[PDB]
Student: 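A single structure is presented below for examination.
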Amino acid sequence: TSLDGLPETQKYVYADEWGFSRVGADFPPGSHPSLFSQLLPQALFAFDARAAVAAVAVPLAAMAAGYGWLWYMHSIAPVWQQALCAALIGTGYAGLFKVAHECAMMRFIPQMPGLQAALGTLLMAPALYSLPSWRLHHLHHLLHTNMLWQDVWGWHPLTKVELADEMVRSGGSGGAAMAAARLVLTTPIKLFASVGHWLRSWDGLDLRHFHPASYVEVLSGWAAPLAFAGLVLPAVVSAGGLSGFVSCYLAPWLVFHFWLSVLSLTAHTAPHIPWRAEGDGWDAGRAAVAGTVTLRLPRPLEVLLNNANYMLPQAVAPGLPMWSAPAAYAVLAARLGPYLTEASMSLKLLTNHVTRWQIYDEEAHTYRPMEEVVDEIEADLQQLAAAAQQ
Amino acid sequence: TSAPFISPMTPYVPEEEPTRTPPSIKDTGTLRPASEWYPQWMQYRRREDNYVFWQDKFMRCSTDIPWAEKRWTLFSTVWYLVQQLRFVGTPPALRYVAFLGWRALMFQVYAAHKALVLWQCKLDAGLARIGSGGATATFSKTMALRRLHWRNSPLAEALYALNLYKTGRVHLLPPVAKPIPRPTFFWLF
Amino acid sequence: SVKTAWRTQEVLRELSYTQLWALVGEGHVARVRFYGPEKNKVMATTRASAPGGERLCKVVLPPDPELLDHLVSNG
Amino acid sequence: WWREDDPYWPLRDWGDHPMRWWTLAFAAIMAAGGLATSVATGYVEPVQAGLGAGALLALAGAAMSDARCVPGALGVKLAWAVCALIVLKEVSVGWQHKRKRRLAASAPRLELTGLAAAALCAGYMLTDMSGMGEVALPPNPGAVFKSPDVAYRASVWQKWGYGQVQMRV
Amino acid sequence: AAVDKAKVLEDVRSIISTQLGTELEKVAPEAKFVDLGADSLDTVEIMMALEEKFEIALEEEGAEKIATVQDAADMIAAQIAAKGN
Ligand SMILES: CC(C)CCC[C@@H](C)[C@H]1CC[C@H]2[C@@H]3CC=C4C[C@@H](OC(=O)CCC(=O)O)CC[C@]4(C)[C@H]3CC[C@]12C
C-alpha cells in the first residue's frame, strides 16, 4: 500500500497513465493470505482427467506443429518465418513448463506423487531447470513476498542507498559494475533478465547450502538437466551444425525465458506497491494481496500458457488446481474487488517498465527513471563534497 | 551446531580406521636407510624396556593389519606374481647384491637431498630480507627440519615463500601436511 | 562418413577384386603381401597421396594370370 | 590472491575435497574445447566427447562438495574413472579429427588434454580416494583357512562350492 | 621410559666437538652454540648430525628453542624416552 486511500478519480487517472486496469483499496494489517481460501466453494479443489490432459497436450501440439513446420523447410525459411516458429514453440513450452511448476508444488496430480514428480523432472529438463531447487526457491519466495533484503528469488528491486554505496565503492559511474547495471536495466534485454535467474540456480553446485538428509535428492535433481545438456545438446549440433542449433533450440529458449521474465516482472512490480523491510511495516496478507498485479490474456493464449498469469488464486490457496484458476478468480473479485489490482498486455506498460520504472526509492516509496536518479545522486555527491571541502 | 544433543566448543571430526601400516620403529622419517638390524637408540634404554622392538615386529607382521591391506583386487593378483617371482624364483645371492647396490644409491640420494635443503634455507633467509626489507636475515629451524622429513605439501612451501617475500614473518609457517591414505577404487585396485 | 564416426583402433579394410584393380591401375598401391594356406589372400598397403592416405586393405585375388604384369608395371 | 592476516587460507578444512575447483575447471575446459573444435572442423566426435566429459565431471565436482558423506566419495570415484578413460582413449586410440594421410604421423601420442587428465588422476589418488573400501572380490577358502570362527568358514566354503568337504578342524 | 642421560650427554658433546673442530674438554655442558664457533646455518647442520647419530626425529618447535648442549641432550633424551609408546 503506497498510494492508498484518496478519491478514486486520481487512482483511476494513475491507472490510465500506467496502463493499469485498476488500483487497489486500503488493506489493514494483521491477516493471513490463507484466510480468503475459506470463501471458495468446495468444488473448486476438484480433480478431473480431461482438463489436465488437455493442459499438457495442447502446448505439446503447438510445439509439435512448429517443429514439423520448421523441419519441413529446415533452413531455407526466411527470418520472420523462423521468428514465428520460434515464438510458437516457445509459447508451447511455456505452457508445458507451467504444468511442470504445477507438479513441483504437488498440486497437479496428488493421486500419483511419483508419476507427477517424474513428469515435472522430465518437463523441466529441456529448459535446464532442477525441480527441487525450483521448489525451494518458490517457497522461499512465497514466504518473503515483497519483503526488502529478503526476497531475492523474485524481482528484488534496486534501491537508492545501495546504489550510492556502489557509486562511492567504484569511484564513479565509469566502472564495469555501474555500466552493467545500467545496460541491463535500461534496454529490452531486461525482458530477458530471467536468464540471470537461471544462473543463480545451481547454488555454486554446492551441497553445503542444503540439509544433509536431502543430499541424494538434490543431486539427482541436478542430474536430469546436466544429462540433457550432456546427451541431447550434442546430438542436435552433430545433426544440425551451429546454425541448426541457433534455430531448433536457442530461439525457443529465449522465447520461454522472455515469457517467464515478463510474467513475473509484471506480476509483482508497480509504482503503487511499496517494498518495506519487515519490522519497518511489513505484513503477510498486505504484501500478498495489496502488493500484487494480475494480467489479462486472449483466451487462445490463456489456453496455451495454461492460466500462466493467475498467480493470486493460488497464492490464497496453495493447493488450488490449475484448470480452476480462472473460476476461483471469478469468486475473488466478488469479495475483495476494491483491493485487487489488474492490468493488460500493452507495449506501453513494458515501455514504462523499461524507461520510467527503473530505480526504487524508499523515500517516495516508488519507482523512478534511472538517468534522473543517477544525475540526482551525482548531485547529492556534489552536496556531500560541498560539506567535505572544509 | 547441527548436533542436537551435545556440542562441545570444538566440532567433532569423525575418525576412521587406518589404511596403511605405520613406519616400522627403526626407520627415520628421512631417505637414509636404517642400521639394518639394531637401531642406535636401543643402547640408551634399560634391557627390560626394549621389548618394544620385537613387539613392533610382531605387530607389523602378524597382529594389527588394517583390513585395507587384505583387499583382494584385480591389481593385487598380479602384484602377487611380481612379489612371488622376487621371493621364490630368485636366488638369495643376487637379491643380496641388488640390496647392497640399492643401499649405496639411497645413501647418495640422501646426501644430495641434505645439500639441497641447506641451499634452500640460504635462499629463503635471503628472500625474507627483501620481504621484510630490514634486519632479519633469519630462517626457521622448524622449516628446515620439516623440509628434511617431507612434512610440507608443495602448496605450503609456495604460500610460505610468498608470505616471506611480502611480509617477512619468518615464524609464520603452514599448518602441516596430513598423511596420504591408501587409494582404493573397486574390484579394480 | 569420416566426420560422423568415432576413431576406433584402426582395422584392415576389405576390397573385393576391382577396387584393388583400379587402385593398382591408378598408381596408388604401394606394397602387397601374399598369405593364406592357399596362396591367394593379399594384404595391400597403399601410399600417402592416395585418396584416404596410407591404409591396409584385405583382398582375395581370384586366380587370374595377367595380375603379375599388372602389379609389376605400376611399380 | 593474498590475505595478510592469514596467508594460508587454502590449507584450511572447509568441508569439501581439495581437488574440487580443478574438477569443475577441467569440465569447463573440456566442454569449451569440444564445442570450439567440433564447430571449427565439422566432426561430430569432439563435441560429444567434450560435453559428456564436462557433464560427468561437473556432477562429480558437485558431489565432491561435502567430503565427509558417502556422495563425497562416489564423486571422486566417478571423477577418477572419467579422467582415466580420457587418458586411455587419447594414448591408445587417438582423436578422430587428428587423422592424416601418413601412418606414422597419425599414430596416437600423448597431447595436452591427456596430460591434464593424467595430472588429475594423480592428484585424486594422492589426496583421498580411500573411500568405500568394503567393495572387493569376495574372500576365498584360502583366506578363511586360519580364521578362528567356524560358521564364517563354513559359509565361505559353501559359497565357493566346497560344502561337502569335511571340516576336521 | 628410563633413559641414561649420562651416555646421551657424552655422545652429544662428542658429536658437537667433532662437528665444529673444538676439543672435547672445551665444550662445556652449558656452553651455548654461537660462542663455540658456529653461526645460524651451522646449528642446523649439527642438528642433522645429531639425528643421524641417534637415528631419531627431532621435534621442530623444541628445536627452535635449543641454546645449550644441555637442552639438546635433554630433547634427545626425551625423544628416545618415548619410543615404543
Ligand atoms: C554449454 C551449454 C550449452 C550446456 C549447459 C551448461 C550449463 C549446465 C552450465 C553453463 C553455465 C554454468 C554455470 C556458470 C557459473 C556457475 C558458478 C560456479 O560457481 C561459482 O563460481 C561458485 C561461487 C563463487 O565463485 O562465488 C559453478 C556453478 C555455475 C552456476 C555453473 C553451473 C553449470 C552451468 C549452468
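Each chain gets a letter, A, B and so on, in the order its sequence line appears, and its residues count up from 1. These numbers come from the heavy atoms of this one structure, side chains and all, not from hydrogens, waters or symmetry mates.
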Student: Please find out if less than 6.0 Å separates the ring center of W134(A) from that of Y129(A).
Tutor: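 Yes, they do, as the ring centres are separated by less than 6.0 Å.
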Student: Can you name the nearest heavy-atom pair linking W153(A) to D203(A), along with the distance?
Tutor: CZ2-OD2, 4.3 Å
Student: Rounded to the nearest 0.5 Å, what separation is found between the OG atom of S247(A) and the CG atom of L242(A)?
Tutor: 10.0 Å
Student: Would you check, one step at a time, whether the test side-chain contact (heavy atoms from CB on, under 4.5 Å) holds for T73(B) with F186(B)?
Tutor: CA-CA 7 Å; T73(B) 41; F186(B) 280 125; over 6 Å; no
Student: Using side-chain heavy atoms (C-beta onward) and a distance below 4.5 Å, is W187(B) in contact with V135(D)?
Tutor: yes
Student: Apply the test side-chain contact (heavy atoms from CB on, under 4.5 Å) to residues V47(D) and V39(D): give CA-CA distance (whole Å), side-chain angles for both, the deciding distance (0.1 Å), then the verdict.
Tutor: CA-CA 8 Å; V47(D) 89; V39(D) 149; over 6 Å; no
Student: Indicate yes or no for a side-chain donor-acceptor contact from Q96(D) to the backbone of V2(C) under 3.5 Å, with no hydrogens or angles considered.
Tutor: yes
Student: Would you say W79(B) has more than 12 foreign heavy atoms packed within less than 6.0 Å of its CH2?
Tutor: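 Result for CH2/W79(B): open.
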Student: Run the side-chain contact (heavy atoms from CB on, under 4.5 Å) test on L159(B) and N163(B) for me, step by step, so that the C-alpha distance in whole Å, both residues' side-chain angles and the decisive distance to 0.1 Å come before the verdict.
Tutor: CA-CA 6 Å; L159(B) 295 175; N163(B) 175 73; over 6 Å; no
Student: Would you say that more than 12 heavy atoms from the other residues, nucleotides or ligands in this model lie under 6.0 Å from the CZ of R101(D), or not?
Tutor: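 Counting neighbours around CZ of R101(D), more than 12 heavy atoms of other residues, nucleotides or ligands fall under 6.0 Å, so yes.
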Student: Aromatic rings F97(A) and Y93(A): how do their planes relate, parallel, tilted or perpendicular, breaks at 30° and 60°?
Tutor: tilted
Student: Output the distance between atom CZ (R55(C)) and atom OG (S106(D)), rounded to the nearest 0.5 Å.
Tutor: 12.5 Å
Student: Specify the closest pair of heavy atoms between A104(A) and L131(A), including all atoms of both residues, with the distance to one decimal.
Tutor: CB-CD1, 3.7 Å
Student: Under 3.5 Å, is there a donor on one side chain and an acceptor on the other for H101(A) and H138(A)?
Tutor: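 On atom types as modelled, these side chains qualify, holding a pair under 3.5 Å.
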Student: Please confirm whether the backbone N or O of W14(D) pairs with a side-chain atom of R208(A), one donor and one acceptor, at under 3.5 Å?
Tutor: yes
Student: Thinking salt bridges, do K178(B) and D128(D) make one under a 4.0 Å N-O criterion?
Tutor: no
Student: Assess whether atom CG of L112(D) is packed by more than 12 heavy atoms of other residues, nucleotides or ligands within 6.0 Å.
Tutor: no
Student: Any side-chain to backbone donor/acceptor pair from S220(A) onto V216(A)? Under 3.5 Å, distance only.
Tutor: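 Present.
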Student: Could you grab the distance from atom NE2 of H140(A) to atom CG of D151(A), nearest 0.5 Å is fine?
Tutor: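 Atom-to-atom, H140(A):NE2 and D151(A):CG are 6.0 Å apart.
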Student: What distance do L162(B) atom CG and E157(B) atom CD have between them, rounded to the nearest 0.5 Å?
Tutor: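 If we round to the nearest 0.5 Å, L162(B):CG and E157(B):CD are 11.5 Å apart.
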Student: For a 4.5 angstrom cut-off between non-hydrogen side-chain atoms, does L173(B) reach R146(B)?
Tutor: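 A side-chain contact under 4.5 Å exists here.
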Student: Does any N or O in the side chain of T1(B) come within less than 3.5 Å of the main-chain N or O of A3(B), such that one atom is a donor and the other an acceptor?
Tutor: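 Yes; judged by distance alone, with no hydrogens or angles, the pair exists.
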Student: Kindly indicate whether the side chain of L11(D), heavy atoms from C-beta on, has any atom under 4.5 Å from the side chain of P175(B).
Tutor: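 Counting from C-beta outward, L11(D) and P175(B) do come under 4.5 Å.
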Student: Check whether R109(D) reaches the backbone of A107(D) with its side chain - one donor and one acceptor, N or O, closer than 3.5 Å.
Tutor: yes
Student: In Å, rounded to the nearest 0.5 Å, how long is the span from CD of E45(D) to OG of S238(A)?
Tutor: 12.0 Å
Student: Any donor and acceptor pair, going by atom type alone, linking the side chain of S38(D) with main-chain N or O of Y43(D) inside 3.5 Å?
Tutor: yes
Student: Over all heavy atoms of both residues, which pair between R71(B) and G133(D) is shortest? Give the atoms and the distance, please.
Tutor: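 Here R71(B) and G133(D) meet closest at NE-O, 3.0 Å.
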Student: Please report the closest heavy-atom contact between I89(A) and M63(A), naming both atoms and the distance.
Tutor: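 Scanning both residues completely, I find the closest heavy atoms to be O-CG, 3.3 Å.
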Student: Do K98(D) side-chain atoms and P108(D) backbone N/O form a donor-acceptor pair below 3.5 Å?
Tutor: no
Student: Looking at every non-hydrogen atom in both residues, tell me the closest pair between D206(A) and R20(D) and how far apart they are.
Tutor: CB-NH2, 4.1 Å
Student: Using modelled atom types only, decide if a donor and an acceptor are shared between the side chain of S153(B) and the backbone of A177(B) within a distance under 3.5 Å.
Tutor: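 Judged by distance alone, no pair lies under 3.5 Å.
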Student: Looking at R200(A), I'd like to know if its CZ atom is crowded, meaning that more than 12 non-hydrogen atoms belonging to other residues, nucleotides or ligands lie closer than 6.0 Å.
Tutor: yes
Student: Heavy atoms, side chains only, cut-off 4.5 Å: are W71(A) and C248(A) in contact?
Tutor: no
Student: With a 4.5 Å heavy-atom cut-off, do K77(D) and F185(B) have their side chains touching?
Tutor: yes
Student: Would you confirm whether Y160(B), through its side chain, and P174(B), through its main-chain N or O, come within 3.5 Å as a donor-acceptor pair?
Tutor: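 The answer is no, because no donor-acceptor pair under 3.5 Å joins these two groups.
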Student: For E166(A), which residues count as a salt bridge (charged side-chain N to carboxylate O under 4.0 Å, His left out) partner, sequence neighbours excluded?
Tutor: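 Once residues adjacent in sequence are excluded, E166(A) has no partner under the salt bridge (charged side-chain N to carboxylate O under 4.0 Å, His left out) criterion.
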Student: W95(D) and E90(D): side-chain donor and acceptor closer than 3.5 Å?
Tutor: yes
Student: Between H156(A) and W149(A), how do the two ring planes meet: parallel, tilted or perpendicular, split at 30° and 60°?
Tutor: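 Aromatic pair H156(A)/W149(A) classed tilted.
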Student: So, for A62(A) and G92(A), which heavy atoms are closest and what is the spacing to 0.1 Å?
Tutor: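 That would be CB-CA, 4.4 Å.
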Student: I'd like to know whether CD of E17(B) has more than 12 heavy-atom contacts from other residues, nucleotides or ligands below 6.0 angstrom.
Tutor: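 No, the 6.0 Å shell around CD holds no more than 12 heavy atoms from other groups.
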Student: Taking the side chain as every heavy atom from C-beta outward, state whether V70(D) and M132(D) have any pair of such atoms under 4.5 Å apart.
Tutor: yes
Student: How long is the gap from CG on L24(D) to CH2 on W22(D), to the nearest 0.5 Å?
Tutor: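 Those atoms lie 12.0 Å apart.
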Student: Let me see the working for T23(D) and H17(D) under side-chain contact (heavy atoms from CB on, under 4.5 Å), right down to the final yes or no.
Tutor: CA-CA 10 Å; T23(D) 308; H17(D) 203 256; over 6 Å; no
Student: If we only count heavy atoms from C-beta on, is the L305(A) to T91(A) side-chain gap below 4.5 Å?
Tutor: yes
Student: Closer than 4.0 angstrom, basic N to acidic O: yes or no for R182(B) and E69(B)?
Tutor: yes
Student: Return yes when atom OH of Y165(B) has more than 12 non-hydrogen atoms of other residues, nucleotides or ligands closer than 6.0 Å, and no otherwise.
Tutor: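 Not more than 12 within 6.0 Å, no.
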Student: Can you confirm whether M129(D) sits close enough to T127(D) that some side-chain heavy atom of one is under 4.5 Å from a side-chain heavy atom of the other?
Tutor: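 Contact flag for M129(D)/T127(D) side chains = no.
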Student: Which atom pairs, donor and acceptor, lie under 3.5 Å between side-chain atoms of residues 256-264 of chain A and protein residues at least two apart or in another chain?
Tutor:
| residue | atom | partner | partner atom | Å |
| --- | --- | --- | --- | --- |
| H257(A) | ND1 | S194(A) | OG | 3.4 |
| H257(A) | ND1 | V195(A) | N | 3.3 |
| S261(A) | OG | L191(A) | O | 3.2 |
| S264(A) | OG | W155(A) | NE1 | 2.4 |
| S264(A) | OG | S261(A) | O | 3.1 |

